[PDB]
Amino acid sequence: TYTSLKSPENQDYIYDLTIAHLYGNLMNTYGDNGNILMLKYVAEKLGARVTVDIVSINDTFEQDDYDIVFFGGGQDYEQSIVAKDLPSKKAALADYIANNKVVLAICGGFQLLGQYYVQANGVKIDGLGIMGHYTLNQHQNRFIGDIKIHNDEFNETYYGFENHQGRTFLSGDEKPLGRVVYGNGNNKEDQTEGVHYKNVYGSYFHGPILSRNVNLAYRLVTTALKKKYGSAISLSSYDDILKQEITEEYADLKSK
């Protein structure tokens, strides 16, 4: 374990957030590690000092040490090696999730929170098995293109780019991150994309998702701060810290 990123030491902050960048040096593809930079940016605006630790193969994970876990995507080989290390973090990650602590998981990281995923060529790779979703393969086909989803619990729209062979199916105890307006999403049979379970947020969205969707970036960080310091604290509003990003945000009027 080492610290990859740290807020400047000479600035004052009333809060402290520690981020576990889970396998951040192996699951590091498609700009999805940009999500770390967006969490740090939004956390600093809310008065939090940020520490990011790379917690990778053979590193101990203590759930009490972290406020946000980010688990991104990687190449098939790196993902198969990460899968061999997962059992070593299962107990601590299950406890983290059971305590309603914040996880953002993208692509392979989303698949590996669940039961298993299957590569295009039929090889089944076991996941942490902490959540009930599972991922089937596609022999030849991939889901590729722009996607838009809407979460009805929060009334929030998210935009991104999907590129996955995986077909994810959610278990009965999960919710989707959102319902598809346009695009494939998890499996092209139901209208689901990603997962929302307690304070686990999973997606197939490249972007990175938090660069394209500061609504979700704000949600993850405020949620983490209120879990750490309690729900009675008063944080700066969405509109006050992210006015420029809200003004410039890509959004369209397509329906479904």
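From 1 onward, residues are counted along the sequence shown.
Item to check | Residue selected from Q63, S203, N215, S56 by maximal Cα B factor | outcome: The record points to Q63.
Item to check | CA B-factor placement of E156, once the chain's modelled residues are sorted into thirds | outcome: For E156, the deposited C-alpha B-factor lands in the middle third.
Checklist entry - Sorting the chain's CA B-factors, does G230 end up in the lowest, middle or highest third? => result Its C-alpha B-factor, which the entry lists for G230, ranks in the highest third among residues of this chain.
Checklist entry - Looking at the C-alpha B-factor of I14, is it in the lowest, middle or highest third of its chain? => result According to the entry, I14 has a C-alpha B-factor in the chain's highest third.
Item to check | Chain third (lowest, middle, highest) by recorded CA B-factor, residue given as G72 | outcome: Lowest third, going by the recorded CA B-factors of the chain.
Checklist entry - Which third of the chain does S4 land in by C-alpha B-factor: lowest, middle or highest? => result Ranked within chain, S4 CA B lands in the lowest tercile.
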